[PDB]
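Each chain, written out:
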2 protein chains.
Amino acid sequence: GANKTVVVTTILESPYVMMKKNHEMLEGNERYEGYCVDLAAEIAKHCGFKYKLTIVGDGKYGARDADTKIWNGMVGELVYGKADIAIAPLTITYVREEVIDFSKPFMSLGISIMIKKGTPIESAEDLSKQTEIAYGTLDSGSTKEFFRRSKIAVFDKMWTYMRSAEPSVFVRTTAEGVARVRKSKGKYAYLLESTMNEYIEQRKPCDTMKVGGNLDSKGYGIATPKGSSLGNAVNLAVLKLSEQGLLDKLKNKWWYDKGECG
Amino acid sequence: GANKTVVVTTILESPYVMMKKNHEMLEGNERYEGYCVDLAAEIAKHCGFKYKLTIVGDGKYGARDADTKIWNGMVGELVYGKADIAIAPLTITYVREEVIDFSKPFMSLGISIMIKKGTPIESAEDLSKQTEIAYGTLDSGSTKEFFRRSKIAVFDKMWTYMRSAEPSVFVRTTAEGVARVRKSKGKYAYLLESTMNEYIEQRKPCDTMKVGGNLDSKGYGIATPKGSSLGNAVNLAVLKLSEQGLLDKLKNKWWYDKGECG
Ligand SMILES: O=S1(=O)NCN(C2CC2)c2ccc(F)cc21
Ligand SMILES: O=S1(=O)NCN(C2CC2)c2ccc(F)cc21
Ligand SMILES: N[C@@H](CCC(=O)O)C(=O)O
Ligand SMILES: N[C@@H](CCC(=O)O)C(=O)O
Ligand SMILES: C[As](C)(=O)[O-]
Ligand SMILES: C[As](C)(=O)[O-]
Ligand SMILES: [Zn+2]
Ligand SMILES: [Zn+2]
Ligand SMILES: [Zn+2]
Ligand SMILES: [Zn+2]
Ligand SMILES: [Zn+2]
Ligand SMILES: [Zn+2]
Ligand SMILES: [Zn+2]
Ligand SMILES: [Zn+2]
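Conventions we followed
Residues numbered from 1 in each chain as written, not as in the entry; some residues may be left out. Chains lettered and ligands numbered in written order. Heavy atoms only, no water. Near = heavy atom within 4 Å. Polar contact = N/O pair within 3.5 Å; in protein donor to acceptor, adjacent residues only side chain to side chain. Areas by Shrake-Rupley, 256 points an atom, 1.4 Å probe, with all protein chains shown as cover. Helix = DSSP H or I, 4+ residues; strand = E, 2+ residues; numbered from the N terminus. Disulfide = S-S within 2.5 Å. UniProt positions renumbered as here; feature names shortened; annotations may be inferred. Buried < 20%, exposed > 50% of the residue type's maximum accessible area, 1.4 Å probe, protein only. Core = buried A, V, L, I, M, F, W, Y, C linked by side-chain atoms within 4.5 Å. Domains from an automatic or database assignment. Nonpolar A, V, L, I, M, F, W, Y, C, P; charged D, E, K, R; others polar. Least-squares fit on C-alpha atoms. Contact = heavy atoms within 4.5 Å. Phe/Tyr/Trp six-rings, centres within 6.5 Å; stacked < 30°, edge-to-face > 60°. Salt bridge = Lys/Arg side-chain N within 4 Å of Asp/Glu carboxyl O.

- Structure determination for this PDB entry is given in the record as X-ray crystallography, at a resolution of 1.8700 Å.

Here is the structure:
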């Protein structure tokens, strides 16, 4: 077929994709800036395609509803033919790789703990042995599903608490989780990916920090519909960008060169 | 076809695959122990195949000779039909993924610097700005090819030195590189993957250490011939083992539970 503009689904999540100040009424890709915006430009160049950045309609990463068996978020957009590719902080997981294809990882992360500075918590075990400090995760993402499915003793115990805690410990966006930590006086800790944690740790008002080691080890990958023609080239482009050091360069650019806390 | 015993190519590299003490004259898989030995057992179970561990004939990981264009090592064994699968500390690289398939990574690593304790070196930049301390890498592996192909200023400079240094700074096995560090009185530093570096750092006589950060970020994957029937199932099994925490468990088992330096 004739070359067609590739539809990219992505999500407003700092510093991966952000609306440039005062660009709301402009058009096309120029509106957006961030790590995944730069990455999408590089992938498209190496693979020889034109593309259109679109923000996922429901604002979600992607999970399969236990009732309807329907995939939501960016995963859903790929599964149901609404997008050709997802270029986003989308976590590689077993259940997702059954239904979509992931490139090799372009960024590593693990689930980590965000506290307000001074909170007397150092580890997941610390969280699980007390009741004074509440803790939760993002909705419809891999962190929540990790805890839901884990047989690891401490994580199972944490899930047992989180899934029935009232009011809900879950949040709709990373921004909401961070705000909840910052306004909790130390009484809420947020479980999120180390990448996002370390980004926020470098943002004013510099009142949060990542504590303890990561709970797991995984990565983000570029995702395409199962058996898509783009998969092979996209996979090779990620590995080329990795070996060239461009992925390291983009991370320093968006995390640390832009650091506001020293 | 009828189920057939899968031929696994792997390499004698501690602590991934090691000959059990006094097992030289025994038979089959029971001879061997190590991280990749345990991993192979798990992968085979999840994928439903029987297998035979074989050690790569030429003792190499794999590189394509610039003259003959022929692949050696474990990569060669897959490319030329001598093995069905490689389960080994085999690094995911662009040039390799062009010719073989890799699962998602089962272990992360980066190129790192091994010094004899007390060596006045802290970084790759340190190495590249002096001449007193020699430094090299393993032959026919990803570390050497990384330096050969790098356009990054410091790494390019290091390669320019290493490729013409006499006597050769390159070694045939990790064991040889480590021995060279230990007998150099600090006058040789070895560039190797962080995984192997951190393993040796925990081995008697506890006279080496990893210094500085990693030079790059990548992983080992399980490799199969291009378009092999095993690829999909193997890929999903790695991600399942990852999410179950078994990969973390195996690393602690072979690196740190077995630690000899405290
Ligand atoms: O989600 S993965 O493809 N498989 C799991 N791993 C862990 C090294 C086992 C990692 C580690 C770093 C990544 F970037 C991705 C992954
Ligand atoms: O060789 S990969 O498949 N692609 C490169 N990455 C880096 C996160 C960019 C990583 C990071 C951790 C891995 F385990 C594998 C890989
Ligand atoms: N990266 C996650 C979203 C963030 C989280 O769940 O912590 C996903 O792909 O679902
Ligand atoms: N893991 C490497 C070998 C070790 C090294 O090159 O440092 C490879 O797959 O080639
Ligand atoms: C249904 As609820 C435990 O997220 O408030
Ligand atoms: C041919 As040489 C530089 O490895 O001695
Ligand atoms: Zn603009
Ligand atoms: Zn490029
Ligand atoms: Zn449970
Ligand atoms: Zn809920
Ligand atoms: Zn025995
Ligand atoms: Zn298992
Ligand atoms: Zn050069
Ligand atoms: Zn040589």
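1. Description of the site of ligand 1
- Around ligand 1 there are 15 residues in total, and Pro-105, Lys-218 and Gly-219 of chain A together with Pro-105 and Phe-106 of chain B lie nearest to it.
- Within the backbone of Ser-217 of chain A, a nitrogen or oxygen atom sits 3.5 Å from a nitrogen atom of ligand 1.
- Contact with the protein chains removes 92% of the 380 Å² of surface that ligand 1 exposes when unbound.
- Of all the secondary structure elements, the ones that give two or more residues to the shell around ligand 1 are β7 (107-109) and β12 (218-220) of chain A together with β7 (107-109) and α9 (231-244) of chain B.

2. Some words on the UniProt feature "disulfide bond" in chain A
Residue and element names in this part refer to chain A.
- Formation of the UniProt-listed bridge between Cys-206 and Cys-261 is supported by an S-S distance of 2.0 Å, under 2.5 Å. Of this pair, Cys-206 sits in the loop between α8 (194-201) and β11 (208-211) while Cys-261 is found in the segment after α10 (246-256), placing the two residues 55 residues apart along the sequence.
- Here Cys-261 falls in the partly exposed class, since its relative accessible area comes to 29%.

3. What to know about the nonpolar core
Residue and element names in this part refer to chain B.
- Formed by 84 residues in total, the largest nonpolar core has its most connected members in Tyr-35, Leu-39, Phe-106, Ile-113, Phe-147 and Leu-191.
- Here this core takes seven residues from helix α1 (residues 35-47), the largest share from any one element.
- In terms of domain composition, this core takes at least three residues from each of domain 1 (1-109 + 219-258) and domain 2 (110-218).

4. Focus: the site of ligand 6
Residues and elements named next belong to chain B.
- Around ligand 6 sit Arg-163, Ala-165, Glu-166, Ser-168 and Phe-170, and that is every residue in its neighbourhood.
- In this structure, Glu-166 approaches ligand 6 through a side-chain N or O atom, which is 3.3 Å from an oxygen atom.
- A distance of 2.8 Å separates an oxygen atom of ligand 6 from a polar atom in the side chain of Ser-168.
- The residue inventory of the shell around ligand 6, partitioned by class, reads two nonpolar, one polar and two charged.

5. What about the relation of the copies chain A and chain B?
- Least-squares fitting of chain A to chain B yields an RMSD of 0.0 Å, with the superposition described by an axial translation of 0.0 Å and a rotation of 180 degrees. Classification of the inter-copy transformation places it as that of a two-fold axis. Nearest to the rotation axis, the C-alpha of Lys-104 of chain A is located 3.2 Å from it, this being the minimum over chain A.
- Taken as a fraction of all interface residues of chain A, those also at the interface in chain B reach 100%, which identifies the copy contact as same-surface.

6. Re the packing of aromatic side chains
- Here the structure, examined in full by the defined rule, presents 28 aromatic pairs over all chains.
- On the numbers, 6.1 Å between centres and 75 degrees between planes, the contact of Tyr-199 of chain A with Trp-255 of chain A is edge-to-face. Note that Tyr-199 of chain A is positioned in helix α8 and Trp-255 of chain A in helix α10, a separation of 56 residues in sequence.
- Owing to a relative accessible area of 1%, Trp-255 of chain A belongs among the buried residues under this scheme.
- Relative to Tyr-35 of chain B, the ring of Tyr-16 of chain B has its centre 6.4 Å away and its plane inclined at 75 degrees; by these criteria the two rings are edge-to-face.

7. Structural notes on the pattern of salt bridges
- Tallied over the full model, the rule gives 30 salt bridges over all chains.
- We note a salt bridge from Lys-129 of chain A to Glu-125 of chain A, for which the minimum N-O separation is 3.7 Å.
- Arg-149 of chain B serves as the salt-bridge partner of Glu-243 of chain A, at 3.5 Å between the closest nitrogen and oxygen. Of the two residues, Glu-243 of chain A sits in helix α9 (residues 231-244) while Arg-149 of chain B sits in helix α5 (residues 142-149), which places them in two different chains.
- Note on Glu-243 of chain A: relative accessible area 23%, which makes it partly exposed.

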